[PDB]
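Here are two versions of the same chain, shown separately as C-alpha cells and labelled structure 1 and structure 2.
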Structure 1
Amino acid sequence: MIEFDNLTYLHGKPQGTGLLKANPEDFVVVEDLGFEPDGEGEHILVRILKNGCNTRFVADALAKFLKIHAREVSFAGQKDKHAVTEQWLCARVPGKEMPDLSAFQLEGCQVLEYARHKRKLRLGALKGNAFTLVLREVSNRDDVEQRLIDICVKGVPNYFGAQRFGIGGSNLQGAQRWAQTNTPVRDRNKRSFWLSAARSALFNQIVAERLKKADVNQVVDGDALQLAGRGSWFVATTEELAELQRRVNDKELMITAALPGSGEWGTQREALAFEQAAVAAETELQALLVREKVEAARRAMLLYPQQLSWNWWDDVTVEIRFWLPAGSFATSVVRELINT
C-alpha cells in the first residue's frame, strides 16, 4: 500500500521547507457548523475555544463538570490539539434547568456560547472549517507563492490527512491486524477509528494512482461525478463526456474516488475497473469494510480551498487563510506548498 509520504502530488513535490504549527496560534481553526442551536431539547450545544487540547480531552472535562457519562458528550469533529480551535460540543442533559456552563473552567479552554438543542452532534455533520495558518522559516518563498497561485486555480488532492490514521499510524495498523482475523472488536470506538482508517487509506491510494495519469481531471466513461458542495453524484457516459468535462473544468462537478465498502462502489465500466485495480492487492482491508457493513461511498478526488488568500510578513513567513468543506484537511493544502 502506498505510504502517506509517497502519495502522489498534483503540483509535484515542493522545492522548499517550512515549519507547521510551530506554535498553537500558528494554526487557527474555526468550525462552521452550518446550522443554529434548536433552542430546546435534551441536549446542550456548547461552542468552545481551546489552545492545546483535543476534542476528547475537552469532551471528558465537560463530562465531569456536568457529572455525566463521558459518552454523552458528542461533537461534529475532532479539532487538532496543537492549535487554537473553535468547535461545538453537545451533551445530553436531563430536563433539569441548564447548568451554569460559565462556571466550566479549564486551562487552555474557554466557553463562548451554549444553548438547548434537540439531537446530539453527528460526527462529520458540519459544513466545513475556516483555517488561518502561519508557515515559518519558509526556505523558498518564490516556490510557495507560485504554488499558492497555482492552487487557487487547480486545487490540491483531497487526501485524508495523516491524523486520520492515528498517532504512529496505529489506526491503520489496527485495521490491518483485525482484517487478518475474525475476532469481533468489542470497543466500538476503536472499531470506528480502524474502519475509518481502512477506508481512508484505500481512498488515498486510488487518488494517488489516478494522479499518475497525463490528465488527472479527465472524465472517463463510468466516472462518478459529484455536484459541487453536495453529496449527490451520478455516472458519466461516453456520449456525455464532452459536456461533463466542461462542467468538471468549471468546478461544477467533482470527479470522485471510491471509499471502498459493502455494496456497489458507484463507478462503472472503465472507471470502476480502474478503481478496483488501484487497490486490487488490498483484499483483506476490503473484506473487513464489507463484513463490518460499512457502505461504499464517494469522495471528491480534488479539493479547492475557498476564500484562499495570503500575506507575507517577511521573506520566510506567510499567513494563509482558506475555508475547507467537512472531511477535508489543511495539511492536504500545506503538503503541496512545503516539505515539513
Structure 2
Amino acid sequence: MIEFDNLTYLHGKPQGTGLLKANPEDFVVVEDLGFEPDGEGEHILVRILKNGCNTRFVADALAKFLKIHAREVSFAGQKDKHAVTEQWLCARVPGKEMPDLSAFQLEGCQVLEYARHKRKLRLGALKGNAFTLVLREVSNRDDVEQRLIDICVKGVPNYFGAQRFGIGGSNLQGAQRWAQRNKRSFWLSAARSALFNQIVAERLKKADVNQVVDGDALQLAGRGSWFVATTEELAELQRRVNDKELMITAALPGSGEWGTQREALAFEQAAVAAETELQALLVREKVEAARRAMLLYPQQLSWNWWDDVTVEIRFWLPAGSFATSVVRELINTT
C-alpha cells in the first residue's frame, strides 16, 4: 500500500515548511448546514463557538442545562479541543417555547445563534465547512504564493487526511489485521479510504490528470449524482471536466459494482490489485462501493500575508473533504 507521506502530489511536493494548527485560534471551522433553521418544530438548533473542549463535552453540558437526557442532543460529528469550531448542536425540546439559550455558560464556549427546526441533526449531514487558518513560520513565501495561485486553477487531490486513519495509523492497522461496533465502523472506513487515496495517487501519475477515459464515472459538481463516460461523448465530457462542471471520480471499493466500466474500471482494479485482503473484507461486510471526486476545488479561496513568514488562508470545502489535504500542497509539516 502506498504510504500517506508518499501519496502523489498534484503540484509536486512543497519546497518549504510551516506550522499548521500551532494553537486552536489558528484553525477556525464554521459549520455549514446547507440551510437556515425552519424557525419551527420540536428541535432547537444551537450554534456554539467552542475553544478548548470536545463536541461530546458541550453536548453533555447542553443536555444538563435543558434538563433533558444526553441522547436527546445530536450533532454532525465529534471534534476535539485542538481547533476552534462554530459547531451546530440540536436539542429535542417539545412544544413551541424557546429556552433562553443565551444564559447557557460553559468555559471556552459561546452561544452564537439558535432557532427551532423540524428535523434532527444527524452524524455526517453537514453541507461543508468554511475554514480560517493561519500558517506560521513559513520558510518559502514565494513557493506558497505560487501554489495558492496554482490551486485556484488546478485544485488539490481530494485525499482523506491522516485523521481518517486514526491516531498512529491505528484504524488502518486494525483493518489490515482484521482482514486476515464503533471500532468496526472506523476500521472499514479506514480500509476504503486508504484504497481511494491509492487509486487517486496512481491516477495522478498519468500525463494528463484530467483526461476523461471511456467508462469513467463523472460526478456533477456539488452533488452525489454521477454517470458513465462513453467514447462518442468524450470531447463534450472533457470540456465539462475542464470547466469544473463534472468531477472525475475514484472508487471507494466495496460490495457491488464500483461504477466505472471498461478501461476506467480496469485501471481502478489494477491500482489496488495487491490489496485483495482489504477488498474482500469490505465486500464480506457489505460496505457498498461508492464514488468520490478525485480533485478538490476549494471555494472562495482567499489569503492574506501578514508578513514574509505568516499567511491567513480562507476557503470552504464540502463535507468529507479535509483542510489538511489543501495544506499538504502548500507546505511540508510531516
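All residue numbers here follow the sequence of structure 1, with the first residue given the number 1. Between two forms, the rigid core is the largest collection of C-alphas that superpose within 1.5 Å.
- Only one of residue 208 and residue 68 lies in each rigid part of the chain between the two structures; they are split between the two.
- Interdomain rotation between the two structures (smaller rigid part relative to larger, C-alpha based, rounded to whole degrees) is 18°.
- Taking the rigid core as reference, the CA displacement of residue 99 between the two structures comes to 8.1 Å.
- Core-superposed comparison between the two structures: residue 290 shows a Cα shift of 0.3 Å.
- Core superposition places the C-alpha of residue 125 1.5 Å apart between the two structures.
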